[PDB]
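Form deposited in one PDB entry, single chain, as structure tokens, below.
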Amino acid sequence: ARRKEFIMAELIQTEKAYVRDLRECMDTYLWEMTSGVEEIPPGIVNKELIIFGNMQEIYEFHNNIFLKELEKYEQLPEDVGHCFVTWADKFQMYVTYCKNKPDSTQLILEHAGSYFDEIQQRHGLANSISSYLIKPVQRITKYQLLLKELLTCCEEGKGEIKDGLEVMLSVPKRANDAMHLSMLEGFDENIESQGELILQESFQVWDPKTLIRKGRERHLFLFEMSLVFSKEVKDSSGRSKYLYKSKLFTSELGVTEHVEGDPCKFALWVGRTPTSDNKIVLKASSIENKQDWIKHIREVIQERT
């Protein structure tokens, strides 16, 4: 219980430091951009929303809700996992922040010049803007680290510690999934209408529709309402994009786990009956990847039927 106390105390102390840091970042760098009288390099003029992402939304969540929620567990460390599960929906704002991070970094690197560095020097600030902008990303990692530490000294399956850790691990994962989704080209359909993106991954796929039947690489996006097939292609400089190919409705999906001759293969079909004209065979990169997809596909099929 001594190690648990050190962890809980650090969780709360660093939460206070985090809230203070976001506040200072907005009161200095952000304020200067929105109310300052300094020359803003045209490349970043009034583009604060891109530079700072939704930092204000994140600050309000921790300052109005999360620190207070964590403090309720100041003397109940083994049960703090519940906080993360309970407020999981709020943590979706971190997916938004992390998704935007690459753009912010680039807008600064190519159009900011020494604008922020000069603000730092003139105001005698300890933290550079880059040091502040990475804090929300680092905060999710810190939560993962603290929850993992609690797992080493808590009863298996209690206090939602593992469930809370999973919420924290899913955040960077969903941000990465969204980055790949942003590479999909040619899907002329509302993305929001597909429901939430659950998984995205590359597979070797055998299609009954191609002129020549063979395993071809395809990058799949499993949404709550549909499974989208796309093909990764690269341009001259090696930049990848995914060309939209087709889409199956999850409510109509059927899955076959075992395919003779390759433990990494599984099959999908649509409608009541599988036929040589509708059966798709997929080869995953590993048995673990195959099992994860089978699990999630079975889940969307169950939800939609």
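Rigid core (definition): largest C-alpha set, two forms, superposition within 1.5 Å. For every residue, the number given is its place in the sequence shown, counted from 1.
Not pictured, yet referred to below: the form deposited with a partner chain bound.
* **Candidate from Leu169, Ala88, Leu151, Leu76 lying within 4.5 Å of the partner chain in the deposited bound form - any heavy atom** => So the residue touching the partner chain in the deposited bound form, by this definition, is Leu169.
* Asked: Out of 170-178, 68-76, 155-163, 220-228, where are the residues with a heavy atom within 4.5 Å of the partner chain in the deposited bound form?
  -> Contact-bearing stretch, as computed: 170-178.
* To do: Look up in the deposited bound form whether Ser240 has a non-hydrogen atom within 4.5 angstroms of the partner chain, and give yes or no.
  => Yes, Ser240 sits close enough to the partner chain in the deposited bound form that at least one of its heavy atoms falls within 4.5 Å.
* Can you check whether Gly195 is within 4.5 Å of the partner chain in the deposited bound form, heavy atom basis? -> No, no contact at 4.5 Å.
* Quick one: does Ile7 come within 4.5 Å of the partner chain in the deposited bound form, counting heavy atoms only? -> Yes, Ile7 lies within 4.5 Å of the partner chain in the deposited bound form.
* Any chance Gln144 has a heavy atom within 4.5 Å of the partner chain in the deposited bound form? -> It does: once the partner chain is placed as it appears in the deposited bound form, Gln144 has a heavy atom within 4.5 Å of it.
* Asked: When the two forms are laid on each other by their rigid core, does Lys247 show a Cα shift of 2 Å or more between this form and the one not shown?
  -> Yes, the C-alpha position differs by at least 2 Å between this form and the one not shown.
* **Large Cα shift (2 Å or above) at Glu257 between this form and the one not shown, core-fitted** => Yes, because once the rigid core is superposed, the C-alpha of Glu257 moves 2 Å or more between this form and the one not shown.
* Asked: Can a Cα shift of no less than 2 Å be assigned to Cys25 between this form and the one not shown, given superposition on the rigid core?
  -> Shift of 2 Å or more: no.
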